[PDB]
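Engineer: Give me a 3D structure for the following:
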Amino acid sequence: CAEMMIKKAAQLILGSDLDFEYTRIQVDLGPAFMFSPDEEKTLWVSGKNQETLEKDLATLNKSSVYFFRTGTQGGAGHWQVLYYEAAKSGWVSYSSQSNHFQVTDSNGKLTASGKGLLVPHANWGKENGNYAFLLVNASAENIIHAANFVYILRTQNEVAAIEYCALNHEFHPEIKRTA
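Structural biologist: Numbering: from 1, shown residues only. See below for the structure:
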């Protein structure tokens, strides 16, 4: 399930399918990105108002892909992949096969599902407790980190998974990549 959005990222950026060869829970992806540089991370605080979020979305290039976290700073996060789908002329959020929805209309304003990203009557900001959006570039290395983190977390444990991510720059060999 965490694997589903990672597979999707891989399809869009690496032109490839990932097969997680599990020969023996659900995951918070956040820690997979601890070794990602700050230059690949952007925090938005624009979710009080419809207008500001639409002009945040307008600053993104439409051939780039992100791991997109909704929720509160320091809190529970919901991770999904954000990408621009040329066919449907809009930004799409993809969590899994079952859970995905379009975010923007043909000309860059929020769809009805997308307005679900707003919380008008809450505090938005950098600080602990606030709402924000975290975009992590879905670069090859971040896709690799996410795949490896989840794989080691399931087959071993979370300490092992952060330790692995500290040192490893390639897909774990049991994570099969084919074009």
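Engineer: Nearest residue to the residue minimising distance to the centre of the chain in space, please, no chain neighbours.
Structural biologist: Residue closest to the average C-alpha location in the chain (CA atoms, centre = their mean): residue 67, at 1.8 Å. Nearest-residue entry for residue 67: residue 136, 4.3 Å, with adjacent residues in sequence omitted and distances by CB to CB, 6 or more residues apart in numbering. In this view, the C-beta of every residue, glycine as well, is placed from N, C-alpha and C.
Engineer: What lies in contact with stretch 59-79?
Structural biologist: 2, 5, 9, 12-13, 28-30, 33, 80-84, 86, 91, 93, 95, 117, 125-138, 142, 146 (CB atoms under 8 Å, 6 or more residues apart in numbering).
Engineer: top strand in this structure by residue count?
Structural biologist: If you go by DSSP state E, the chain has its longest strand at strand 77-85.
Engineer: Tell me if I'm right that residue 54 and residue 105 touch.
Structural biologist: No - applying CB atoms under 8 Å as the test, residue 54 and residue 105 come out as separate, 9.4 Å apart.
Engineer: check contacts around residue 115.
Structural biologist: residue 50.
Engineer: okay, now residue 41: neighbour count?
Structural biologist: Residue 41 has 15 neighbours, counted by other CB atoms under 10 Å.
Engineer: list the contacts for the residue nearest to it when sequence neighbours are not counted?
Structural biologist: Once flanking residues are discounted, residue 41 sits nearest to residue 136: 5.7 Å by CB to CB, 6+ apart. Contacts of residue 136 were listed using CB under 8 Å, 6+ apart, and they are 33, 36, 40-41, 66-69, 142.
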